[PDB]
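Visitor: Before I ask anything, here is the structure I am working with.
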Protein chains: 2
Amino acid sequence: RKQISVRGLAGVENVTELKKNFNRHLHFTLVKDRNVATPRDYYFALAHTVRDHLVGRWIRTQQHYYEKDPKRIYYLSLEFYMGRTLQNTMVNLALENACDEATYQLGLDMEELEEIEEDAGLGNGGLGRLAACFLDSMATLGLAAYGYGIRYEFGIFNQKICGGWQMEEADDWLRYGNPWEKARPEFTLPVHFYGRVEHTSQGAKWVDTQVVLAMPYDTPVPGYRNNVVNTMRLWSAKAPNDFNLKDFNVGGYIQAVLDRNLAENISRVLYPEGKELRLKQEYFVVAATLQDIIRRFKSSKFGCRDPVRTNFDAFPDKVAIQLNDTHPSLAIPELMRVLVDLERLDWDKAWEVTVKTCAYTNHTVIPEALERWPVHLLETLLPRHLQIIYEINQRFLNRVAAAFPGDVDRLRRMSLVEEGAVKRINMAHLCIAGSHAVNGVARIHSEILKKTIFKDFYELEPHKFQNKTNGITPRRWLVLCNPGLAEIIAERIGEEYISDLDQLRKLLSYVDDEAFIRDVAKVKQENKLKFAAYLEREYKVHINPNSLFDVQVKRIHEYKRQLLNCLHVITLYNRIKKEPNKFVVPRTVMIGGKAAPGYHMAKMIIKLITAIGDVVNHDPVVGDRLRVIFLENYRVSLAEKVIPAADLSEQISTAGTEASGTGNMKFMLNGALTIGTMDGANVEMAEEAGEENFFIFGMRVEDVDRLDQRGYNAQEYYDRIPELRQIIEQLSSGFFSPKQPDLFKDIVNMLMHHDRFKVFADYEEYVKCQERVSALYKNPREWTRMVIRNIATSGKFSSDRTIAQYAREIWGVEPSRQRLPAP
Amino acid sequence: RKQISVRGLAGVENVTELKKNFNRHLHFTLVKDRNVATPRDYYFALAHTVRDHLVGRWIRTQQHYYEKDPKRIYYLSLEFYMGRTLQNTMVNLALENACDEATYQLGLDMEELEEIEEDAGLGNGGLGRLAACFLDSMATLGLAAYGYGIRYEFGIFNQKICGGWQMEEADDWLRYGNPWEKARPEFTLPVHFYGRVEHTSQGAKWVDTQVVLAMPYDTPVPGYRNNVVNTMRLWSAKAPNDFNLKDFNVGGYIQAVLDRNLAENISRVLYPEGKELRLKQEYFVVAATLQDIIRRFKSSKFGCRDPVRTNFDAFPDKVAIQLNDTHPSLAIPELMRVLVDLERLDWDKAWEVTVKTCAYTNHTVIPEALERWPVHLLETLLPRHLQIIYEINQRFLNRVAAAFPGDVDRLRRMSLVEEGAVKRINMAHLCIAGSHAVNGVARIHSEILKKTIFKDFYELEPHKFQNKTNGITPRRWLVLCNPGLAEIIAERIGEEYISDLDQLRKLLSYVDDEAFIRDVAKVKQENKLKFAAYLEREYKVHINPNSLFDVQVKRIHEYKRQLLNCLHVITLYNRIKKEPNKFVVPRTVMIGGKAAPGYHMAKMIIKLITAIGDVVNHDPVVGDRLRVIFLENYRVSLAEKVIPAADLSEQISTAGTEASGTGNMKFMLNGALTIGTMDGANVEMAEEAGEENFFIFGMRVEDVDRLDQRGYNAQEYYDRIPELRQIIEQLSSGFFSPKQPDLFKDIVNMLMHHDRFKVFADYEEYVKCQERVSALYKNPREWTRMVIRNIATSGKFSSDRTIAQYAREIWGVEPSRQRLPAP
Ligand SMILES: O=c1[nH]cnc2c1ncn2[C@@H]1O[C@H](COP(=O)(O)O)[C@@H](O)[C@H]1O
Ligand SMILES: O=c1[nH]cnc2c1ncn2[C@@H]1O[C@H](COP(=O)(O)O)[C@@H](O)[C@H]1O
Ligand SMILES: *Cc1c(COP(=O)(O)OP(=O)(O)O)cnc(C)c1O
Ligand SMILES: *Cc1c(COP(=O)(O)OP(=O)(O)O)cnc(C)c1O
């Protein structure tokens with residue numbers, strides 16, 4: 001028994017033991033030989049060779065927490081956007097050098113292999129990426145932490161552009177296996193749906209529930225070189241498969257083959273209204289996670305440390321659930337169902353525990369975005385969960401009246417239940433009620449969570465409102481993707497910045513020196529070259545390495561403002577064609593994102609951006625002064641290529657719409673200069689980088705409210721501005737669409753007659769901020785001089801910080817930059 | 001490249017490298033650790049320490065085959081009754097001794113761990129088990145063989161007796177994975193169903209077909225210590241999952257959620273009439289194996305060796321295809337299909353090759369049993385294949401006309417098209433026409449196919465019919481299951497017997513040496529002691545390890561006669577209790593079988609065996625002079641546990657019912673006497689042992705044919721024989737059934753008025769033979785000596801013999817027992 005140990009199984013940094021274990025997984029785990037392997041095989045071979053390294057540590061880390069019994073914190077979220085784990089496993093595990101040398105000797109080129117990896121499809125955007133980043137920084141900072149979510153077979157769509165039209169292909173990233181997960185069919189848990197609550201004697205009973213099974217899969221997450229590796233644990237839905245003869249539902253009728261498939265596809269697709277699948281999904285990931293969380297609390301030596309009921313008294317001293325957005329919110333009536341009905345704690349011992357154990361991050365600014373479910377949808381598949389939502393609610397509103405006696409209209413403003421046609425439940429006031437702390441994601445955004453959106457709750461409990469600004473991981477977003485920039489920096493300062501990012505300000509001391517200043521425009525020359533080849537070898541065009549790489553890689557929504565940017569490039573195209581000879585600083589403009597299937601404005605816009613380009617890029621006069629490029633199927637491993645080769649990071653969202661900008665922080669730290677409105681992220685970045693150092697522009701928040709107060713009359717601008725007048729005119733003539741002139745008709749009328757977001761307002765200012773830009777590119781010494789200052793200044797934008805604060809003010813744990821002994 | 005070699009990965013019989021490998025797998029593979037591990041988890045680590053050694057050999061053996069280009073033989077069966085891979089994989093590879101040592105130091109019990117493996121639910125009966133025996137033999141004699149079937153996810157049922165009634169439970173054997181297979185997605189092939197045949201220009205084209213996908217799984221098969229490890233490749237059906245958006249069938253309607261369930265379950269269950277499911281499991285394994293077969297032909301250096309068509313002229317000289325019974329029959333219109341339509345050989349060239357490629361093994365006797373598919377089934381799911389079956393049928397019938405000019409009643413009896421209500425196609429006559437050798441499975445059985453069942457095919461082509469008697473492997477069925485018996489036998493004659501079983505004749509030399517005579521009984525005393533301990537510790541009864549373990553482990557049907565051996569147990573009762581103190585040599589009768597859901601007689605026969613024992617085994621007079629046990633859920637792992645432990649092997653079918661009897665042969669080898677009729681396998685086993693050493697009995701066939709010629713009037717026997725009368729009258733009075741007396745009334749009436757298999761007829765002679773049995777037992781020197789002349793005469797029943805004759809007389813290759821150098 002004790003002879004079964006982790007002890008002899010590694011010669012880690014060793015190009016010869018790593019050549020031994022690559023061979024071991026290709027013939028014995030893959031059961032192939034060099035006579036028939038494929039790149040895919042040899043990548044699988046290599047993913048198990050860096051993985052036994054990771055799971056060597058994993059067992060130690062984990063053992064360590066069970067004998068050291070920290071508070072354990074569960075980050076719950078419905079999207080985890082990991083993307084390729086090979087390079088990140090190696091660079092955080094130290095192993096990249098040994099692996100390169102080893103695969104080299106074995107006559108295999110490790111880069112060609114890292115490009116066989118499928119981006120882990122469990123994310124779709126920001127929110128996903130964000131949790132992805134907090135998992136890194138959590139483990140780097142040694143927290144007893146876990147990420148808990150659904151595993152999505154089909155990701156979410158894979159974008160194809162055919163005809164200058166977006167077609168979504170399916171992403172089955174798992175089609176050939178995933179080398180990093182470990183399934184767990186022994187920890188399968190039941191998840192109950194529908195049914196009836198029979199109230200019997202000392203509780204309520206929820207009976208006749210259908211059931212779907214939650215089957216786990218553990219992917220590990222490695223710290224930065226400290227040998228702590230923690231668990232991400234995604235659930236998968238598996239139907240009961242009695243459905244044959246067993247139960248005697250069937251025999252007579254297998255039409256229940258629909259139980260079978262509707263179940264299995266809880267886990268099949270990410271979402272992408274009030275759907276019984278979304279709510280089915282949300283309940284899924286909460287109900288399994290909470291049985292697991294409770295099980296380590298009964299196990300994790302607290303089986304011994306009972307003193308009370310294996311108490312729930314200690315439950316808040318031992319566990320922390322972070323709800324990410326409102327999709328986790330039933331974590332609160334579900335912990336209240338498990339605690340009350342299953343265990344037996346009275347409602348108030350139970351609710352003490354719940355509030356003290358949860359917390360809720362918010363990411364929305366418009367109230368037309370806070371989740372809301374139909375009470376008839378929660379009565380049908382969740383009936384106990386609606387009674388508890390009602391009893392939480394009663395009790396919360398009795399607290400409210402004992403604070404503001406006689407306010408009546410507040411009792412109807414703060415409720416969980418909302419009345420209209422279709423009485424609904426408000427998922428966010430459920431969360432503020434059942435959390436001990438709420439935090440925004442931007443200072444601007446949590447002030448407006450306090451001041452307007454949740455202000456009566458901010459009066460009733462001011463002390464719940466905190467703020468915790470979002471961040472990026474230094475690792476992925478500078479060391480993995482940007483290694484020259486991480487080399488030259490390091491030369492001049494040290495390593496420690498990658499685990500204490502603000503140290504970057506020491507590079508301020510180098511602002512004039514002509515070393516950094518050429519190096520930086522060197523690396524930056526590197527990056528743009530490589531990628532200016534990727535733009536020919538996988539996808540194709542004729543870039544110009546020299547140019548302004550002008551990129552907005554933003555979700556394609558109206559309010560994100562691609563169309564502002566398409567007028568501007570139609571502006572440049574015009575000038576150069578009237579003035580076939582002006583020295584105009586050239587640009588290669590690169591817009592990238594995925595629409596949303598069935599959002600036809602977004603499908604019309606990616607139509608715009610191709611059609612412009614086919615005009616410009618095939619017109620002689622423009623030659624190679626002006627190229628427009630649509631980056632198909634923008635995603636995390638295209639992020640890490642593009643964001644290093646960029647100069648101009650285009651942040652133009654209407655002001656007030658953005659709650660932040662994580663994608664934003666990522667172009668600061670890789671010396672891209674940020675054009676953009678004074679919103680969300682752009683604010684704290686300008687604060688650090690110095691306003692002078694940032695191309696801030698257009699309508700502030702204020703000015704928009706004012707233009708709304710007097711009413712936005714689009715046409716006026718169209719009639720001052722002679723360029724605009726003409727570009728609208730070229731759009732409606734069919735300049736840019738000769739086969740269907742009429743093609744951009746809707747777009748026209750979008751802008752002219754009912755633009756919700758004031759593109760034509762911010763035009764005139766935009767094209768003059770852009771004039772400042774072209775003008776400063778062509779002064780490389782100073783252009784590059786600013787960049788050094790933006791980079792230097794990036795350290796509040798590191799996720800390690802963001803975590804340190806959830807850690808210190810919300811969770812109650814001191815981080816630790818220590819190295820866990822191990823391997 | 002070349003440095004990626006199988007070479008440095010194994011210190012084999014090294015208790016220090018096996019423990020190192022256990023530990024890599026518990027931690028690295030399973031991502032478990034000794035705080036969390038379970039006995040299931042440790043068996044998977046042992047499972048894997050061993051598999052590295054297996055697959056090692058498999059890599060060197062398949063390479064070997066591609067560099068020497070042997071004739072590859074493919075065994076086509078829908079049933080492979082493997083049972084348990086681990087004790088068997090260690091013995092073939094010599095590792096049993098080192099793993100015991102190794103796990104013992106780690107302080108884990110290798111017998112504990114072995115008992116957690118699930119019996120590979122890939123079969124059901126003697127057809128499956130033969131195919132497996134053949135597989136161990138084809139590898140032990142250096143045959144370049146491959147076995148091909150379907151992977152059934154649920155097996156066929158698991159048995160469970162509840163109040164003595166059979167309840168079938170499911171067999172999700174695949175539930176915590178199976179660690180011996182390797183799923184190969186990369187090699188998925190489509191299989192086509194339904195459709196319509198477009199007849200265009202140079203060919204017909206099968207168009208508009210539904211497509212199910214066949215994914216392969218490989219399980220390696222080890223020879224006995226000769227280091228050749230061969231392939232079993234079982235197929236899994238998967239639906240194409242575009243079903244969501246892609247095709248534009250879906251969207252508007254997903255009621256084609258059924259294609260998906262009705263595709264998915266070709267691979268779901270084994271069977272268990274004219275069902276589309278069956279013919280769709282039949283074509284599927286055929287469709288998907290003939291492509292992988294024509295792929296190795298085109299690939300395995302015969303690309304090089306084109307000279308003409310990659311001529312399929314050489315196709316017989318390099319492929320051979322064994323259709324085990326009629327379920328692979330479609331391999332004859334599908335090989336012809338591929339070659340005529342896909343390639344473009346003319347009909348006659350293609351038929352030369354199909355006939356020289358295929359060979360049929362038949363296992364039936366009654367003609368009611370020969371497979372038959374209605375032409376409306378074939379016309380619908382297989383409309384090209386119906387066509388080909390018609391040309392084949394026309395043309396064979398024109399051969400027939402030239403041979404028997406003007407014999408018309410022959411033209412109609414030799415047809416593959418059958419005329420009656422429902423026009424059927426006769427899949428047996430298909431097989432004799434496109435195969436180049438038909439064969440029986442025991443000499444009497446070969447002979448009735450030639451004189452009665454296929455005799456006009458015997459007449460037009462006498463060169464085709466062979467015989468190749470069944471055979472059991474000495475490894476599983478003696479070395480593996482009864483190692484004691486192998487050991488005393490080894491002391492005297494060495495090991496060569498295990499790979500050369502005729503050599504057990506040497507044991508005759510020692511019939512009269514008294515060490516052996518006592519070692520043999522000793523051996524057996526152990527086996528029964530062991531077993532008796534199971535019968536209290538996994539199931540419960542009170543054995544008395546001293547009595548005569550009397551056993552029947554046959555399929556529960558009416559011709560298999562357990563009601564005969566029911567009657568006989570009640571006679572022995574009736575006698576111990578009429579005369580409570582006379583001496584009766586005591587027995588523990590054990591009868592086990594699995595009913596077959598839907599057969600009501602079978603189902604009451606086990607209710608019978610289970611209640612006889614309720615009475616006899618609690619009736620205090622009987623003391624321990626009888627006991628009766630229904631063995632729960634007979635499968636290969638209970639066979640290697642009961643078959644060692646027994647004395648008399650109950651082989652009682654009515655004469656003329658049995659073609660052969662794999663069961664039987666395992667009993668002779670493990671020193672058990674065989675009481676039973678002169679049918680099937682009993683014939684040649686009697687002939688090598690001599691009559692004198694067997695307890696043959698009852699109506700011989702020529703007699704059953706007489707009693708039918710005059711008409712078996714049951715009543716007469718019930719009115720001569722008094723003890724018969726007595727038991728019938730016990731059955732109807734409710735002796736055994738006191739709460740519903742009337743319960744065995746349909747058994748009683750069967751017996752009385754319509755037994756097709758003449759129980760009463762053999763009853764009188766039967767119980768007489770049991771008296772000669774008890775008699776001799778009660779004389780341990782001479783009972784042990786008759787036991788030693790059964791074991792010594794075992795030789796003809798070695799599946800290495802049956803294989804060598806297939807190879808030489810049908811497949812056209814030579815056994816070699818040569819060690820491939822390897823590892
Ligand atoms: O009681 C324990 N003591 C030490 N290590 C443990 C114990 N329970 C679990 N582990 C380790 O913790 C990991 C995670 O366990 P889990 O929290 O139950 O998922 C396992 O892989 C083991 O390495
Ligand atoms: O052309 C070849 N040369 C050498 N080994 C081969 C070749 N093709 C296949 N193999 C080996 O044969 C194994 C089985 O391939 P299969 O028989 O094609 O299914 C592969 O896994 C390799 O070990
Ligand atoms: C960082 C990131 C993001 C985040 O994108 P942004 O914060 O810039 O804005 P939204 O698109 O509006 O959220 C999204 N996707 C990936 C791949 C990524 O790396
Ligand atoms: C050998 C065997 C069999 C086969 O049983 P029998 O050969 O006795 O004859 P039938 O009953 O007629 O098929 C079945 N099951 C197991 C486990 C086994 O080992």
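Chain labels follow the order of the structure tokens: the first chain is A, the next B, and so on; residue numbering restarts at 1 in every chain, and ligands are counted from 1 in their shown order.
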Would you mind listing, as an NGL selection string, all residues of chain A that have at least one atom within 9 Å of chain B, where only C-alpha atoms are what counts?
Guide: :A and (1-6 or 8-9 or 19-24 or 26-35 or 51-53 or 55-56 or 58-59 or 63 or 105-108 or 169-170 or 175-177 or 182 or 184-186 or 242 or 246 or 257-258 or 261)
Visitor: Store the residues picked out above in a file with C-alpha atoms, as a short mmCIF file (atom, residue, chain, number, x, y, z; two decimals), in the first residue's frame.
Guide:
data_model
loop_
_atom_site.label_atom_id
_atom_site.label_comp_id
_atom_site.auth_asym_id
_atom_site.auth_seq_id
_atom_site.Cartn_x
_atom_site.Cartn_y
_atom_site.Cartn_z
CA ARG A 1 0.00 0.00 0.00
CA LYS A 2 2.43 2.90 0.93
CA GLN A 3 4.73 1.47 -1.76
CA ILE A 4 2.10 2.75 -4.27
CA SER A 5 3.48 6.27 -4.52
CA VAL A 6 4.12 9.26 -6.76
CA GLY A 8 9.99 7.47 -8.87
CA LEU A 9 8.06 8.65 -11.98
CA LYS A 19 12.24 11.10 -25.70
CA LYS A 20 11.58 7.84 -23.83
CA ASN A 21 8.08 8.84 -22.69
CA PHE A 22 7.09 10.31 -26.12
CA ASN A 23 7.80 6.84 -27.63
CA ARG A 24 5.92 5.24 -24.71
CA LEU A 26 2.82 6.67 -29.24
CA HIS A 27 3.15 2.88 -29.36
CA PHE A 28 1.45 1.94 -26.08
CA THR A 29 -1.21 4.66 -25.33
CA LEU A 30 -1.89 5.33 -29.00
CA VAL A 31 -1.14 1.76 -30.29
CA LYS A 32 0.37 3.13 -33.49
CA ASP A 33 3.97 2.97 -34.75
CA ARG A 34 6.17 5.37 -36.85
CA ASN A 35 5.05 3.32 -39.82
CA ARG A 51 0.64 15.59 -19.14
CA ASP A 52 2.12 12.85 -16.82
CA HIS A 53 4.31 15.82 -15.69
CA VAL A 55 -0.67 15.04 -13.19
CA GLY A 56 2.53 14.20 -11.16
CA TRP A 58 -1.62 17.48 -9.54
CA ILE A 59 -1.69 14.57 -7.16
CA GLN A 63 -2.84 15.95 -1.37
CA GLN A 105 16.03 14.87 -32.13
CA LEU A 106 13.02 12.59 -32.87
CA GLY A 107 12.80 14.52 -36.25
CA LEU A 108 9.47 16.08 -35.45
CA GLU A 169 -19.71 25.13 -39.41
CA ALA A 170 -20.03 22.96 -36.20
CA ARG A 175 -14.04 14.35 -32.53
CA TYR A 176 -10.76 12.59 -32.04
CA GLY A 177 -10.44 12.81 -28.28
CA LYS A 182 -9.70 12.48 -17.57
CA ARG A 184 -14.75 10.08 -14.18
CA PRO A 185 -17.77 7.56 -14.68
CA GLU A 186 -17.44 6.54 -11.04
CA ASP A 242 -32.89 1.75 -18.94
CA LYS A 246 -36.40 -1.48 -17.97
CA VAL A 257 -36.11 8.27 -27.09
CA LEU A 258 -36.82 12.02 -26.78
CA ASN A 261 -31.80 12.91 -26.74
#
Visitor: Need to verify the contact set: residue 203 of chain B, 7 Å, only C-alpha atoms, exclusion of same-chain residues closer than 3 positions in sequence. Can you return it as number ranges by chain?
Guide: B: 199-200, 341
Visitor: From the list A:89, A:291, A:209, A:546, which residue is nearest ligand 1 when using only C-alpha atoms and all ligand atoms?
Guide: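 Smallest separation from ligand 1 among the options: A:291.
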Visitor: Between B:547, B:467, B:300, B:14, which residue has the minimum interatomic distance to residue 774 of chain B, considering only C-alpha atoms?
Guide: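 Counting only C-alpha atoms, the residue closest to residue 774 of chain B is B:547.
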Visitor: Any idea what's packed within 10 Å of residue 646 of chain A, counting only C-alpha atoms, ignoring anything in its chain fewer than 6 positions away? Could you give it as a PyMOL selection string?
Guide: chain A and resi 524+527-528+531+547-552+589-590+667+670-673
Visitor: As a ChimeraX atom specification, please: all residues of segment 42-238 of chain B that backbone DSSP puts in alpha helix (DSSP H).
Guide: /B:42-68,86-92,96-106,110-114,126-140
Visitor: I need the strand (DSSP E) residues of segment 545-589 of chain B per DSSP on the backbone, written as a ChimeraX atom specification.
Guide: /B:548-553,587-589
Visitor: Go ahead and save the residues from that selection, with C-alpha atoms, as a PDB file, in the first residue's frame.
Guide:
ATOM      1  CA  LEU B 548     -20.234 -36.088  -6.471  1.00  0.00           C
ATOM      2  CA  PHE B 549     -20.340 -32.647  -8.159  1.00  0.00           C
ATOM      3  CA  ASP B 550     -22.930 -33.708 -10.894  1.00  0.00           C
ATOM      4  CA  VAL B 551     -23.189 -30.832 -13.562  1.00  0.00           C
ATOM      5  CA  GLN B 552     -25.082 -29.689 -16.525  1.00  0.00           C
ATOM      6  CA  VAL B 553     -24.307 -26.201 -17.986  1.00  0.00           C
ATOM      7  CA  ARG B 587     -24.369 -35.717  -5.047  1.00  0.00           C
ATOM      8  CA  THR B 588     -24.559 -31.841  -5.373  1.00  0.00           C
ATOM      9  CA  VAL B 589     -26.410 -31.419  -8.636  1.00  0.00           C
TER      10      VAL B 589
END
Visitor: From the set B:789, B:44, B:37, B:813, which residue has the shortest atom-to-atom contact distance to ligand 1, counting only C-alpha atoms and all ligand atoms?
Guide: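 Among the listed residues, B:37 lies closest to ligand 1.
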Visitor: Can you measure atom 11 (C, counted along the ligand's line) of ligand 1 to atom CA of residue 190 of chain A for me? One decimal in Å is fine.
Guide: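 It comes out at 23.2 Å.
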Visitor: Just want the 9 Å neighbourhood of residue 355 of chain A, counted on only C-alpha atoms, with same-chain residues fewer than 3 positions away dropped. Output as a ChimeraX atom specification.
Guide: /A:316,332,350-352,358-359,433-437
Visitor: So that I have them on file, write out the residues from the current selection with C-alpha atoms, as a tab-separated table (two decimals), in the first residue's frame.
Guide:
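What ended up in selection_35.tsv:
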chain	number	residue	atom	x	y	z
A	316	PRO	CA	-18.68	29.26	5.09
A	332	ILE	CA	-28.64	29.78	-3.97
A	350	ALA	CA	-29.46	27.48	6.27
A	351	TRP	CA	-29.71	31.00	4.94
A	352	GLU	CA	-26.86	32.16	7.24
A	358	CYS	CA	-21.86	32.93	-2.11
A	359	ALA	CA	-20.84	36.10	-3.98
A	433	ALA	CA	-30.29	38.71	-1.91
A	434	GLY	CA	-28.47	35.42	-1.55
A	435	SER	CA	-24.78	36.64	-1.82
A	436	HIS	CA	-22.57	38.19	0.98
A	437	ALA	CA	-20.91	40.56	-1.78
Visitor: For segment 766-773 of chain B, work out the shell of residues within 8 Å, counting only C-alpha atoms and skipping chain neighbours fewer than 6 positions away, then give it as a VMD selection string.
Guide: chain B and resid 568 675 695 697 to 698
Visitor: With a distance cut-off of 8 Å and only C-alpha atoms, select the neighbouring residues of segment 320-325 of chain B, excluding the residue or stretch itself and same-chain residues fewer than 6 positions from it, and output the selection as a list in words.
Guide: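 The residues that qualify are residues 71, 72, 73, 74, 75, 76, 77, 331, 357, 358, 359, 360, 361, 362, 363 and 811 of chain B.
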Visitor: For N, CA, C and O atoms, I'd like the residues from the last selection saved as an mmCIF file, in the first residue's frame.
Guide:
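Produced file part_11.cif, reproduced below:
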data_model
loop_
_atom_site.group_PDB
_atom_site.id
_atom_site.type_symbol
_atom_site.label_atom_id
_atom_site.label_comp_id
_atom_site.auth_asym_id
_atom_site.auth_seq_id
_atom_site.Cartn_x
_atom_site.Cartn_y
_atom_site.Cartn_z
ATOM 1 N N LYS B 71 -0.694 -14.758 -46.226
ATOM 2 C CA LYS B 71 -2.111 -14.733 -46.555
ATOM 3 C C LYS B 71 -2.747 -14.369 -45.218
ATOM 4 O O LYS B 71 -2.398 -14.897 -44.145
ATOM 5 N N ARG B 72 -3.619 -13.388 -45.325
ATOM 6 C CA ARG B 72 -4.323 -12.905 -44.178
ATOM 7 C C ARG B 72 -5.647 -13.630 -44.163
ATOM 8 O O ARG B 72 -6.329 -13.629 -45.206
ATOM 9 N N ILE B 73 -6.049 -14.245 -43.043
ATOM 10 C CA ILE B 73 -7.321 -14.932 -43.029
ATOM 11 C C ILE B 73 -8.266 -14.095 -42.136
ATOM 12 O O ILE B 73 -7.828 -13.593 -41.079
ATOM 13 N N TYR B 74 -9.538 -13.830 -42.541
ATOM 14 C CA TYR B 74 -10.459 -13.039 -41.714
ATOM 15 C C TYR B 74 -11.668 -13.878 -41.289
ATOM 16 O O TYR B 74 -12.357 -14.476 -42.135
ATOM 17 N N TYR B 75 -11.907 -14.055 -39.970
ATOM 18 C CA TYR B 75 -12.983 -14.910 -39.450
ATOM 19 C C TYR B 75 -14.266 -14.140 -39.203
ATOM 20 O O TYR B 75 -14.357 -13.406 -38.214
ATOM 21 N N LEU B 76 -15.308 -14.344 -39.954
ATOM 22 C CA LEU B 76 -16.390 -13.430 -39.790
ATOM 23 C C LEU B 76 -17.462 -13.988 -38.907
ATOM 24 O O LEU B 76 -18.128 -14.950 -39.285
ATOM 25 N N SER B 77 -17.643 -13.459 -37.716
ATOM 26 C CA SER B 77 -18.657 -13.970 -36.842
ATOM 27 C C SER B 77 -19.410 -12.806 -36.232
ATOM 28 O O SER B 77 -18.794 -11.813 -35.860
ATOM 29 N N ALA B 331 -21.545 -11.224 -47.211
ATOM 30 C CA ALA B 331 -20.190 -11.109 -47.726
ATOM 31 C C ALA B 331 -20.086 -11.636 -49.165
ATOM 32 O O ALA B 331 -19.179 -11.262 -49.914
ATOM 33 N N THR B 357 -12.565 -17.027 -52.706
ATOM 34 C CA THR B 357 -12.190 -16.361 -51.469
ATOM 35 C C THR B 357 -12.908 -16.866 -50.228
ATOM 36 O O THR B 357 -12.228 -17.069 -49.221
ATOM 37 N N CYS B 358 -14.244 -17.113 -50.313
ATOM 38 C CA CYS B 358 -15.157 -17.488 -49.226
ATOM 39 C C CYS B 358 -15.364 -18.986 -48.918
ATOM 40 O O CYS B 358 -15.273 -19.878 -49.799
ATOM 41 N N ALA B 359 -15.584 -19.271 -47.625
ATOM 42 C CA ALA B 359 -15.846 -20.631 -47.144
ATOM 43 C C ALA B 359 -16.760 -20.623 -45.915
ATOM 44 O O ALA B 359 -16.590 -19.848 -44.964
ATOM 45 N N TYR B 360 -17.686 -21.554 -45.943
ATOM 46 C CA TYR B 360 -18.787 -21.624 -45.009
ATOM 47 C C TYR B 360 -18.610 -22.685 -43.960
ATOM 48 O O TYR B 360 -18.322 -23.830 -44.339
ATOM 49 N N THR B 361 -18.776 -22.350 -42.680
ATOM 50 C CA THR B 361 -18.833 -23.350 -41.646
ATOM 51 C C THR B 361 -20.309 -23.314 -41.233
ATOM 52 O O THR B 361 -20.899 -22.262 -40.998
ATOM 53 N N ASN B 362 -20.978 -24.468 -41.173
ATOM 54 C CA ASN B 362 -22.370 -24.613 -40.798
ATOM 55 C C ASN B 362 -22.412 -25.312 -39.436
ATOM 56 O O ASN B 362 -21.480 -26.039 -39.019
ATOM 57 N N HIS B 363 -23.407 -25.065 -38.592
ATOM 58 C CA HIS B 363 -23.459 -25.663 -37.272
ATOM 59 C C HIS B 363 -24.860 -26.173 -37.066
ATOM 60 O O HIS B 363 -25.242 -26.465 -35.940
ATOM 61 N N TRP B 811 -8.152 -22.830 -45.990
ATOM 62 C CA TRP B 811 -7.568 -21.482 -46.077
ATOM 63 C C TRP B 811 -6.309 -21.412 -46.929
ATOM 64 O O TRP B 811 -5.953 -20.375 -47.516
#
Visitor: Using only C-alpha atoms, which protein or nucleic acid residues come within 9 Å of residue 330 of chain A? Drop anything in the same chain fewer than 6 positions from it, and give the result as an MDAnalysis selection string.
Guide: chainID A and resid 282:283 286:287 385 427 430:431
